[PDB]
Every structure is written in C-alpha cells, then in structure tokens.
Protein chains: 2
Amino acid sequence: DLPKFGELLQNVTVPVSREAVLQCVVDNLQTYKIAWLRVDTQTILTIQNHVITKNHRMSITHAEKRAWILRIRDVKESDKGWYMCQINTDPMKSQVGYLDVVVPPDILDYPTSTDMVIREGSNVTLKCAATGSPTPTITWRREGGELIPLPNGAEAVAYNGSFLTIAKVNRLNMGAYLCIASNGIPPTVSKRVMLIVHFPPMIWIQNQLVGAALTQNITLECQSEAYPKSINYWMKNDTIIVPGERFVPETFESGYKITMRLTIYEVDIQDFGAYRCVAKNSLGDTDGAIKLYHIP
Amino acid sequence: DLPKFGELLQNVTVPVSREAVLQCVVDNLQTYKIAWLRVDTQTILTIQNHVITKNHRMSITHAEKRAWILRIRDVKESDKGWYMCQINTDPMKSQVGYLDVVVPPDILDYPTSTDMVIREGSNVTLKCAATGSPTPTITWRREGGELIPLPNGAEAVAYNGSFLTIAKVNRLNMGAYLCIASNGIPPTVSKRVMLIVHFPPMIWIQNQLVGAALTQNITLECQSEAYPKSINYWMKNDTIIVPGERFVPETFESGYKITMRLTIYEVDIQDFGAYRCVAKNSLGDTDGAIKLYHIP
Ligand SMILES: *[C@@H]1O[C@H](CO[C@@H]2O[C@@H](C)[C@@H](O)[C@@H](O)[C@@H]2O)[C@@H](O[C@@H]2O[C@H](CO)[C@@H](O[C@@H]3O[C@H](CO[C@H]4O[C@H](CO)[C@@H](O)[C@H](O)[C@@H]4O)[C@@H](O)[C@H](O[C@H]4O[C@H](CO)[C@@H](O)[C@H](O)[C@@H]4O)[C@@H]3O)[C@H](O)[C@H]2NC(C)=O)[C@H](O)[C@H]1NC(C)=O
Ligand SMILES: *[C@@H]1O[C@H](CO[C@@H]2O[C@@H](C)[C@@H](O)[C@@H](O)[C@@H]2O)[C@@H](O[C@@H]2O[C@H](CO)[C@@H](O[C@@H]3O[C@H](CO[C@H]4O[C@H](CO)[C@@H](O)[C@H](O)[C@@H]4O)[C@@H](O)[C@H](O[C@H]4O[C@H](CO)[C@@H](O)[C@H](O)[C@@H]4O)[C@@H]3O)[C@H](O)[C@H]2NC(C)=O)[C@H](O)[C@H]1NC(C)=O
Ligand SMILES: *[C@@H]1O[C@H](CO[C@@H]2O[C@@H](C)[C@@H](O)[C@@H](O)[C@@H]2O)[C@@H](O[C@@H]2O[C@H](CO)[C@@H](O[C@@H]3O[C@H](CO)[C@@H](O)[C@H](O)[C@@H]3O)[C@H](O)[C@H]2NC(C)=O)[C@H](O)[C@H]1NC(C)=O
Ligand SMILES: *[C@@H]1O[C@H](CO[C@@H]2O[C@@H](C)[C@@H](O)[C@@H](O)[C@@H]2O)[C@@H](O[C@@H]2O[C@H](CO)[C@@H](O[C@@H]3O[C@H](CO)[C@@H](O)[C@H](O)[C@@H]3O)[C@H](O)[C@H]2NC(C)=O)[C@H](O)[C@H]1NC(C)=O
Ligand SMILES: *[C@@H]1O[C@H](CO)[C@@H](O)[C@H](O)[C@H]1NC(C)=O
Ligand SMILES: *[C@@H]1O[C@H](CO)[C@@H](O)[C@H](O)[C@H]1NC(C)=O
C-alpha cells in the first residue's frame, strides 16, 4: 500500500524569538521520502534528515519513524505563513498547516504621555499608544482605583481608548494614572503616568468672629489649599506677626491642604483688632479676615 | 559572492509522448544546491543529481557544472504547466519557465461523414470534426481542385468550417472531397469523403428527323446521362431491336454519359418509320423519338 498521514498537520502559534516545532507523521513510509517546504515562497526547506535551506534557524529530526519534526528557532514575523509536509509520490501527497507568529505588547515612548503637569481648571489629554499582534487594547486606570471624569459628566474606574481627554482638571483628578496595553499574549505591560495639578491657593475660615476676655488663651484658625504648598503667615495692622512668647503661629500640612493656627496666650487689650491669614504660592496669593473682640 | 542564473530559463513547447528537456544554468554554485519542482502542484521533483519524485519519466543530468538539465520522456498533457528551478539560498533564488504541451490533429470517425450517396437535386451536409491543441482548423477541397457550390450561388476552391451544406446537388458536384484539419503542428491529416450522386436518366437527340434512300448505310444516334449507368436499347413498333446483320446497335459509355447508335445497312422500304432510343436505370426510364423517312 501507499503511505498516508497518520495524524493531521496541526496549527501552531508561536511568539517572536521563540522556537517553532511543526510535526508531520506518516504511516508505512517504506522507501518514500518526506519534505518540508514553505508554501507562499514556494521554498524547499528539508528532506528526510537532510536540511536544504541555508537558513540556519531550521532543523529536522527523525527521532521516531513516525514523526518528521521541523524546528525553527529564533522565530521571526517573516517566517510566519503556510508550511507543507510533502511525500514524494505519483501523484504527490501533501498536508498543509499554518504557523501564526505573535508579538507581545509594547508601549512606545512617543506620542505616549509622560508625567504631565497642568493648572487646575485647564485641559489635558493623556495619550498612550502601543504595538502588538493582535493589535492590543489600551485601558486607563488609577492606582487607588479612583474615578476618571468622563466627557458626559459621569465617572468610572476604567476608560478604553488610546486618547483620554479630561476637561477642567480638578485637584481630585490629581494622582497616578496607569496606561494598560493588552494584546491577549503575556506579558501584558503598563506605563504609569503622573498627572499633577497646581492651583492658586484658597482660604476657608470657620469662625470669622471670635471673642475673648483678658488672661484667657485663644487660638484663631484658617484652612487653605495650595499647590505647590503655600507659605502661610498672619497679619495685623498690615504687618507680619512674628511669634514673641505671647503669640505663636502653627501650620499643619497634608498634601495640598494646610491648617494654620495663631495661639494667643494671656489676651491683652492691645491684641484685639483685625487679623488676617494669608496664603501665597507660585500661582497667586489670598487672605481672610478674622475679628477678635471683647466679651464685656 | 552568491550564485546567480547564467541564462534565463527558456520557454519550451513539446508534443505528446515526446521527450521534454528543460535546462537551468547557474554561475558559481559553490556548495549550494539546485532543485527542480512543478509549480502548480507545488511538487518537488529533483535535487542535484538525485531524483525525488517516483514519477519514472523524470530524470536529471549534471553533464556540465553549468547545466542542470531536467528530462521528461513520454510527455503527457497533465505534465504541462509551470516549472521552477530553485537554488537553496536565504533568501531563496528561483527562475521559472512554462512547458506547453501540444497534440497533433486527429479526425474522428463520428460525426465525420463517410462515403455518402444522394440523388441529384437533393440536399447533403458533409460534416467533419477533428481534435487538436491548438483547436485545429478544418478546410474542404476537391481532388481535382474542382469548385464547391456556396450557399449564395457563387463557387470557390476551399471552404472553411466543419459543416458544409450543398443544396440541390448536381452531377458535377460528384467527385472526391477532402476534409483537411490543421492545427499548425505536424503532421496535418485529411480524410477523403466520396460524394456520389444518382439521377434518373435523360436523353438528348441531335437529329430527330433523318432521311435515307435505298442501298444507303445510315446511323441514328442519341445521348443519355444515367447513374447508375443505364441500359440503352432501341425500339420500333413497340418492339425491341435485336441486331440481325442489317441493323446493329452500339453504345459508348463515359462515366454517367452514354452515346448509343443504331447503324442501319442497306436501307429497305420496310425500315422507314418511327424509332425510339430508351434509357433505363434504378431511378426511372426515358426515351426519345427519331423519324426515318424517304428521300424521293
Ligand atoms: C489554521 O490557521 C489558519 C490561519 O488562521 C490564522 O491563524 C489562526 C491560528 C488564528 O490566529 C487566526 O486568527 C489567523 O487568521 C486558518 O486559515 C484561516 O481559515 C479561515 C476560515 O477557514 C479563513 O477565513 C476565510 O478567509 C477568506 C479569505 O480571506 C483572505 O483573503 C482576503 C482577501 O480576499 C484578505 O483580506 C484576508 O485578510 C485573508 O487574507 C474569506 O474569503 C472567508 O470568508 C468567506 O467565507 C465564509 C464562509 O467560509 C463566508 O461566510 C464569508 O462571507 C466569505 O464568503 C473567511 O473569512 C482565514 O482567511 C484563514 N487564514 C488565512 C491567513 O488565510 C486555518 O483554517 C487553520 N487550520 C486549522 C486546521 O486549524
Ligand atoms: C512562456 O509561456 C507562458 C505561457 O504561454 C503559453 O505558452 C506559450 C509557449 C504559447 O503557447 C502561449 O500561447 C501559451 O499561452 C507565457 O505566459 C503567458 O504570458 C502572457 C503574457 O505575459 C499571458 O497573457 C496574460 O494572461 C493574463 C491572465 O490570463 C489567465 O487567467 C485568465 C483568468 O483570469 C484565464 O481565463 C486565462 O486563460 C489565463 O489562464 C491576462 O490577464 C493578461 O491580460 C491582461 O494584461 C494585458 C497587458 O499585459 C492587458 O492588455 C489585458 O487587457 C489584461 O489586462 C494577458 O492576457 C498568459 O496568460 C500567460 N500564459 C499563462 C498560461 O498564464 C510566458 O510569458 C512565456 N515566457 C517567456 C519567457 O517566453
Ligand atoms: C477643553 O475641553 C473641552 C471639552 O473637552 C472635550 O470636548 C469635546 C470636543 C470632546 O473631545 C469631549 O470628549 C471632551 O470632553 C472643550 O470644549 C469643547 O470644545 C469643542 C470645540 O469647540 C466643542 O465641539 C463643538 O461642538 C458643536 C456641536 O455642539 C459644534 O457645532 C462645534 O463646531 C464644535 O465642534 C465641544 O462641544 C466642547 N465641549 C464642552 C463640554 O465644552 C474645550 O474646547 C477644550 N479647550 C480648548 C482650548 O480647546
Ligand atoms: C436544403 O437546403 C436548402 C438551402 O440550403 C441551406 O439553406 C440555409 C438554411 C442555410 O443553411 C444555407 O447555408 C444552406 O445553403 C434549404 O432551404 C433553406 O431552408 C431554410 C429553412 O426554411 C430557409 O431559412 C428560412 O429563412 C427565412 C428568412 O428568409 C426565415 O424566415 C425562415 O424561418 C427560415 O429560417 C432558407 O432561406 C432556405 N434557403 C434556400 C436557398 O432555399 C432547404 O430547406 C433544405 N432542405 C430541407 C429538407 O430542409
Ligand atoms: C470598554 O470598557 C468598558 C468598561 O469596563 C467595558 O464594558 C467594555 O467591554 C470595554 N471594551 C473593550 C473592547 O474592552
Ligand atoms: C477561410 O477561407 C478563405 C478562402 O481561402 C480565406 O480567405 C480565409 O483566410 C479562411 N479563414 C481561415 C480562418 O483560415
């Protein structure tokens, strides 16, 4: 009888630089001969245990009589396509299989965004592009799973698309953003973009009117938000307040927030008047008004 | 340097059963290797001096370092197509050429006409079909270069087309017809058709009135055309004339024509009267009237 393939030639799918192993099997080969050969380029590759193509990445093995195994190391995209296992017969017998090569995902340095910095109330567009086969899918997230403002006013945890535009950025939008590019092949990779925001400081004051008697210890207080962090000092009569045992100012800073106090000890009659808490940063300055008055 | 073809791979064209010789040449082959292989069927054939395909009609020769000559004996139509000469290189180098197989011409036994026979005044259609590649061209002629009646009433020496129709055949159309089928490849062949015609006889008479005196020798004469040839006898008084020394009838036949005489020696007075020349064949009979009368 004539030889015939023992098991169909199977589809393979390999990543770049890896090794590809294509396996052809034949029952009862007698004195006939097997040949591998790329189809598209119509190029002979191997015959029996002898390799033809000078392409040194290709190799044949005859470990068992059944299997004639073709091996392609350091695989490349050019190598992918159709491959034929052929048996010298009249007529000739051949089964054919496909090798799909695949590339992991990669994020580019351009136009991929870097650590960007924009003023509050402004615009931005965190771009991210990546290469891959299959053409990868890009997804944005935030390190603390924070929200991501959407163009409709709603907000979610993961936005798709290479280009993400935020309108009128807010100090809450500030944080660590992650571009994630997955092609479905390991290892998926991601780049960390830093969105920092600066804003002219602003001052809130709980009690703009506080009273005190003599010999009592009282503390004024304001609340500011400034980035970069703001220099916060007290004023009275259009003059700086330097702590002189009787009056001591403090500041308690947390991120862009700042809570400043001016603790007045043993209130004197000359202390009463109009105070001001001022805040100043690279983008402007601001102040508030607190009035200290008498009890009786 | 790398090898390269010395002379382009040339187009061949061969007839069936013959031998085909395809010649590939390469300059500076070093340790590389040549391979022949059919393109369409993607089938490897030969490599170096070793033949792969079990097709025993194929053979490689390395007579000179230049030429790697592939030889295909007892060529068949299935063999024709594209053939590639390949050199194992990375990338691979290959030049390709076409083998066109050709078949001489042949006339079939059917529906090819045979020796046909039709009555005069009737129709006929001398058919002739032939096979060949290129599809051959059929031409009709006549052995004596005679004319060939055309459907418009005109006449020529050679008509094209497989089917030739003659309307109301005439005895002049009778003769040897030749079907000729040429494909442009030797040896062109031709079949000889025989067109025979039968016709009820007809009689012409030059002198329907002849006079004679006594003791004179006179000869009557008619002219007939009959096919198949007609039996021509003389009549007088509704009775057959059998030669009895005084009267002797003759016949001079040429093809379908016949010229009959009745030579009367020493005319008697009882001889004068009404004679008749009769002609009879398979398709009917006919006669004429000659009156013999006196001089004084
Ligand atoms: C082994 O894999 C073979 C290759 O497939 C690749 O590898 C696998 C592992 C996956 O990664 C896969 O995603 C890859 O594509 C595989 O061959 C594939 O088989 C399918 C189905 O048989 C083919 O789909 C058909 O493709 C044809 C032609 O498309 C080509 O030509 C056009 C130009 O004309 C190009 O633009 C394309 O990009 C392609 O190159 C289509 O005509 C056809 O659609 C028609 O037929 C269907 C019904 O069958 C109708 O419903 C439609 O309306 C059309 O009328 C299909 O789309 C696919 O093309 C083919 N891949 C390649 C590269 O040719 C093979 O099947 C696998 N074998 C085994 C044993 O697993
Ligand atoms: C060696 O011979 C090759 C084969 O030629 C045969 O063998 C020779 C010895 C002769 O006997 C000859 O009569 C045989 O045909 C020869 O290849 C031939 O090259 C010519 C010209 O290069 C080709 O003509 C072109 O064919 C294409 C495709 O036609 C095929 O496909 C259609 C279906 O799509 C089929 O129906 C046909 O039957 C064919 O199978 C046409 O598209 C093309 O026309 C177009 O291009 C021209 C301009 O080039 C335009 O003007 C037109 O309008 C069209 O846009 C031509 O008609 C011929 O097909 C091809 N033969 C074969 C079998 O493919 C080769 O060139 C020779 N080489 C040398 C070195 O001598
Ligand atoms: C800062 O960003 C805002 C809004 O941000 C973006 O706005 C859209 C263009 C989309 O990209 C959104 O996905 C995204 O959130 C910009 O305001 C927007 O400006 C465009 C351009 O003028 C407006 O488009 C207009 O649409 C009308 C139809 O209603 C057309 O007739 C116009 O011709 C024009 O195309 C868009 O409506 C507007 N959106 C909002 C919410 O204001 C803003 O321009 C941008 N800053 C700068 C300097 O460009
Ligand atoms: C014997 O042969 C004659 C003529 O021979 C052939 O006539 C043509 C049909 C062509 O094949 C010629 O190449 C060839 O010499 C036959 O007489 C022909 O008969 C046909 C069929 O009736 C006539 O065709 C007609 O044409 C008119 C248009 O004028 C149409 O309206 C009709 O419907 C019909 O198709 C043809 O004119 C006629 N030709 C002559 C010269 O008489 C004859 O029929 C044939 N014998 C038999 C028994 O068929
Ligand atoms: C886009 O993101 C949304 C939110 O997770 C999800 O529903 C959708 O499937 C995503 N689209 C793609 C193509 O992944
Ligand atoms: C048909 O015959 C005529 C008469 O000889 C000739 O002119 C013509 O070239 C012929 N046609 C072909 C295709 O040979």
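The deposited coordinates derive from X-ray crystallography, with the record listing a resolution of 3.499 Å.

A. Layout of the sheet that holds strand β7 (residues 58-61) of chain A. All names here are of chain A. Strand order in the open sheet made by the four strands is β1-β3-β8-β7, with antiparallel pairing throughout. The outermost strands of the open sheet, each flanked by one partner alone, are β1 (4-5) and β7. Taken together, the four bridges between β7 and strand β8 (residues 67-72) define a ladder with antiparallel strand orientation. Bridge pairing in β8 links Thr-61 to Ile-69.

B. Summary view of the domain arrangement of chain A. Split into domains, chain A comes out as domain 1 (4-104), domain 2 (105-200) and domain 3 (201-294). Distance from the C-alpha centre of domain 1 of chain A to the C-alpha centre of domain 2 of chain A: 44 Å.

C. Local environment of the UniProt feature "domain: Ig-like" (unreviewed entry) in chain A. Residues and elements named next belong to chain A. Sequence positions flagged by UniProt for "domain: Ig-like" (unreviewed entry) are, in local numbering, residues 3-97, 105-190 and 200-293. A helix fraction of 0% and a strand fraction of 51% characterise residues 3-97, whose end C-alpha atoms lie 19 Å from each other. Helix makes up 0% of residues 105-190 and strand 45%, with an end-to-end C-alpha separation of 9 Å.

D. Quick look at the site of ligand 3. Residue and element names in this part refer to chain A. Around ligand 3, the neighbouring residues are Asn-123, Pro-151 and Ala-167. Within the contact set of ligand 3, an oxygen atom lies 2.4 Å away from a side-chain nitrogen or oxygen of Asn-123. Protein contact buries 18% of the 850 Å² of open area that ligand 3 shows by itself.

E. The packing of aromatic side chains, seen in detail. Here the structure, examined in full by the defined rule, presents four aromatic pairs over all chains. Consider the rings of B:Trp82 and B:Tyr98, whose centres lie 5.0 Å apart with planes at 80°: the pair is edge-to-face. Taken as a pair, B:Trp82 in strand β9 (residues 81-87) and B:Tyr98 in strand β10 (residues 93-107) lie far apart in primary sequence, 16 residues in all. Plain terms: the ring middles of B:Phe199 and B:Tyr256 are 5.3 Å apart, the flat faces sit at 90° to each other, and that makes the pair edge-to-face. Pair noted here: B:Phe199 is in strand β20 (residues 189-204) and B:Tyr256 is in the loop between β25 (247-254) and β26 (257-264), with a separation of 57 residues, a long-range link. B:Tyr256 matches B:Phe199 in its accessibility class, with the two residues each being buried. A cation over a ring is seen here: A:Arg171 above A:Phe199, with NZ or CZ 3.7 Å from the ring centre. The ring of A:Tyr275 is capped by A:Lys236, whose NZ or CZ atom sits 5.9 Å from the centre of that ring.

F. Main features of the relation of the copies chain B and chain A. Of the transformation superimposing chain B on chain A, the axial component is 0.0 Å and the angular component is 180°, with the fit at an RMSD of 0.0 Å. Look at the turn and shift together and you get a two-fold axis relating the two. Ranked by how close their C-alpha atoms come to the rotation axis, the residues of chain B are headed by B:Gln42, at 3.6 Å. A share of 100% of the interface residues of chain B reappears at the interface of chain A, consistent with the copies meeting face to face through the same patch.

G. Molecular detail of the site of ligand 2. Residues and elements named next belong to chain B. Within the structure, ligand 2 sits among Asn-11, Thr-13, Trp-82, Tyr-98 and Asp-100. The side chain of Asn-11 places a nitrogen or oxygen atom 2.3 Å from an oxygen atom of ligand 2. The separation between an oxygen atom of ligand 2 and a polar side-chain atom of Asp-100 is 2.9 Å. Here ligand 2, which alone exposes 1200 Å², has 18% of that area covered by the protein. Across the shell around ligand 2, the residue classes tally to two nonpolar, two polar and one charged.

H. Representation of the state of the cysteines in the model. Residues and elements named next belong to chain A. Taken as a whole, this structure holds six disulfides over all chains when the rule is applied. One disulfide in the model links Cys-24 with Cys-85; its S-S distance is 2.0 Å. Judged by the torsion about the S-S bond (-80°), the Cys-24/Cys-85 disulfide is left-handed. Of this pair, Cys-24 sits in strand β3 (residues 20-27) while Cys-85 is found in strand β9 (residues 81-87), placing the two residues 61 residues apart along the sequence. For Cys-85, a relative accessible area of 0% puts it in the buried group. Each sulfur in the disulfide pair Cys-128 and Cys-179 lies 2.0 Å from the other. On the sign convention where negative means left-handed, the S-S torsion of about -85° between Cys-128 and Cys-179 marks this disulfide as left-handed. Pair noted here: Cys-128 is in the loop between β12 (124-126) and β13 (130-133) and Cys-179 is in strand β19 (residues 175-182), with a separation of 51 residues, a long-range link. Using a relative accessible area of 1% as the deciding quantity, one classes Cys-179 as buried. When the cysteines engaged in disulfides are numbered in sequence order, chain A pairs them as 1-2, 3-4, 5-6.

I. Looking closely at the environment of B:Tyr265. All names here are of chain B. Here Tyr-265 lies in the loop between β26 and β27 (273-281). Each C-alpha atom, one on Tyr-265 and one on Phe-252, is 20 Å from the other, the two residues being 13 residues apart in sequence. Sequence-distant contacts of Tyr-265, that is, excluding residues within four places in its chain, are made with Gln-216, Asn-217, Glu-245, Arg-246 and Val-248.

J. Molecular detail of the interface of chain B and chain A. At the junction of the two partners, chain B supplies 21 residues and chain A supplies 21 residues. Three residues stand out in chain B for area buried against chain A, namely B:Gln42, B:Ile44 and B:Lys54, and they jointly supply 32% of the buried area on that side. The interface formed by chain B and chain A contains zero salt bridges. Joining chain B to chain A, the criterion identifies eight residue pairs in polar contact.

K. Representation of the pairing of strand β20 (residues 189-204) of chain A in the model. Residues and elements named next belong to chain A. Taken together, the four bridges between strand β11 (residues 116-119) and β20 define a ladder with parallel strand orientation. When the sheet's bridge partners are listed, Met-116 is paired in β20 with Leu-195. For β19 and β20, the ladder comprises seven bridges, and the chain directions are antiparallel. Residue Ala-176 lies in a different strand from β20, and its bridge partner there is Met-194. From the end of β19 to the start of β20, which pair antiparallel, there are six residues, and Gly-184 there has a positive phi angle of about 85°. Summarising the sheet, β20 and strand β23 (residues 223-227) pair through four bridges and their orientation is antiparallel. Counterpart to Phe-199 in the pairing with β23 is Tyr-227.

L. Quick look at the layout of surface pockets. In this structure, the largest pocket encloses a volume near 260 Å³. As for the largest pocket, its lining consists of 15 residues, of which A:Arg38, A:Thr41, A:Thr43, B:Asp90 and B:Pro91 are closest to the centre.

Quick notes on the rules
- Residues numbered from 1 in each chain as written, not as in the entry; some residues may be left out.
- Chains lettered and ligands numbered in written order.
- Heavy atoms only, no water.
- Pairing = 2+ DSSP bridges.
- Helix = DSSP H or I, 4+ residues; strand = E, 2+ residues; numbered from the N terminus.
- Domains from an automatic or database assignment.
- UniProt positions renumbered as here; feature names shortened; annotations may be inferred.
- Near = heavy atom within 4 Å.
- Polar contact = N/O pair within 3.5 Å; in protein donor to acceptor, adjacent residues only side chain to side chain.
- Areas by Shrake-Rupley, 256 points an atom, 1.4 Å probe, with all protein chains shown as cover.
- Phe/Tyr/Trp six-rings, centres within 6.5 Å; stacked < 30°, edge-to-face > 60°.
- Buried < 20%, exposed > 50% of the residue type's maximum accessible area, 1.4 Å probe, protein only.
- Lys NZ or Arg CZ within 6 Å of the ring centre and 35° of its normal.
- Least-squares fit on C-alpha atoms.
- Contact = heavy atoms within 4.5 Å.
- Nonpolar A, V, L, I, M, F, W, Y, C, P; charged D, E, K, R; others polar.
- Disulfide = S-S within 2.5 Å.
- Buried area = accessible area lost by both parts, 1.4 Å probe.
- Salt bridge = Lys/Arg side-chain N within 4 Å of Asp/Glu carboxyl O.
- 1 Å grid on protein atoms, 1.4 Å probe; cavity = no way out; pocket = protein on both sides within 12 Å on 5 of 7 lines; lining within 4 Å.
- Points joined across faces, edges and corners; volume = space filled by probe spheres on them.

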